[PDB]
Amino acid sequence: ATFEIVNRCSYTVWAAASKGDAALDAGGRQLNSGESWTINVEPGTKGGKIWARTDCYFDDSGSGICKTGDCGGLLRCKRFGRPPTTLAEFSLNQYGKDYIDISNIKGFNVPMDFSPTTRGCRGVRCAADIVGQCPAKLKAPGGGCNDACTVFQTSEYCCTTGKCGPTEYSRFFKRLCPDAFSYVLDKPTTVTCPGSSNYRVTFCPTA
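See the structure below:
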């Protein structure tokens, strides 16, 4: 499957792509404002994620740091990134269908649209200014808007036992972005696409 990753932000981002225990394609790349990077994700990839990283520094070996979404200091991510990270999430060729969604469960750093480039389903978007509107207690000094689980580490926010409800903090993400997961047990906003669809992830789709 092809994923065209497009940075429409006015700032550089370092895109990342991983399934948690391995990189997807090269795993990461710099995207200056307006740049597009097309990756190939193996069919059957379960639990894949794409995200943006901001304010990165990398040396000639591809080692360094990002203020948001750092994945063990690598340019080419092999693991998931440090929150806050808005997440494009997908499981491909799962009993003949693909499943896509956007999640704020690990916080928000950059607005995103995640849409198919092929027929048969709609895209999902979380493009509101969650960083600007972020509640004081969730603001990440390093940048972005943390989820409540990252900040407070409680069973209720982290949904440890599978017995959590919405919270004042999850409702904030849900109000700004109704089409993204706001907490682990949120009413799903997962879209079913035909198996083997192709996609585009656009950072800053509106500005």
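FYI, in PDB author numbering the residues of the sequence shown are 1 to 207.
Quick reminder that beta carbons are idealized off the backbone N, C-alpha and C, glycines included.
Residues in the same chain with beta-carbon distance under 8 Å from residue i, minus the five sequence neighbours each way, listed in chain order, please.
i, result
"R171", "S182"
"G107", "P83, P84, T85, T86, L138, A140, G144, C145, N146, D147, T150"
"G20", "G47, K49, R79, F80"
"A23", "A17, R76, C77, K78"
"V191", "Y99, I100, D101, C121, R122, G123, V124"
"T38", "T2, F3, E4, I5"
So, for residue i: in the same chain, excluding its five sequence neighbours on each side, which residues have a beta-carbon less than 7 Å away from its beta-carbon?
i, result
"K49", "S18, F80, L87, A88, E89"
"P135", "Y169, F172"
Is the CB-CB distance between residue i and residue j below 8 Å?
i, j, result
"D70", "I105", "no"
"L92", "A180", "no"
"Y169", "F3", "no"
"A128", "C177", "yes"
"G96", "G34", "no"
"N32", "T12", "yes"
To the nearest angstrom, report how far apart residue i and residue j are at their CA atoms.
i, j, result
"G120", "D59", "43 Å"
"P141", "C158", "21 Å"
"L185", "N7", "30 Å"
"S103", "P116", "17 Å"
"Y99", "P188", "11 Å"
"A52", "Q133", "19 Å"
"residue 231", "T54", "Outside the modelled stretch of the chain, which goes from 1 to 207, sits residue 231, for which no answer is possible."
"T118", "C193", "9 Å"
"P166", "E156", "9 Å"
"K163", "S61", "44 Å"
"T161", "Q153", "13 Å"
"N109", "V131", "7 Å"
Enumerate in chain order the residues of its own chain whose CB-to-CB distance from residue i is below 6 Å, with the five nearest sequence positions on each side excluded.
i, result
"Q30", "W14"
"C204", "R8, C9, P111"
"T202", "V6, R8, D113"
"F173", "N104, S182"
"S63", "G73"
"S197", "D98, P116, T118"
"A26", "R76"
Taking 7 Å as the cut-off, is the C-beta of residue i nearer than that to any heavy atom in the ligand GTP?
i, result
"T202", "With respect to the ligand GTP, the structure offers nothing, as it holds no ligand at all."
For the stretch 13-20 against the stretch 73-91, are there 3 or more C-beta pairs whose distance is under 8 Å?
The stretch 13-20 makes contact with the stretch 73-91, as at least three CB pairs between them are under 8 Å.
Minimum length 3: unbroken beta strand (DSSP E) runs contained in the stretch 73-155:
Considered as a whole, the stretch 73-155 harbours 87-94, 97-103, 112-116, 124-126 as its complete beta strand (DSSP E) runs of no fewer than 3 residues, in chain order.
Considering only residues of the stretch 7-76, which uninterrupted alpha helix (DSSP H) runs meet the minimum length of 4 residues and lie entirely inside it, listed in chain order?
DSSP runs (the alpha helix (DSSP H)) wholly in the stretch 7-76: none.
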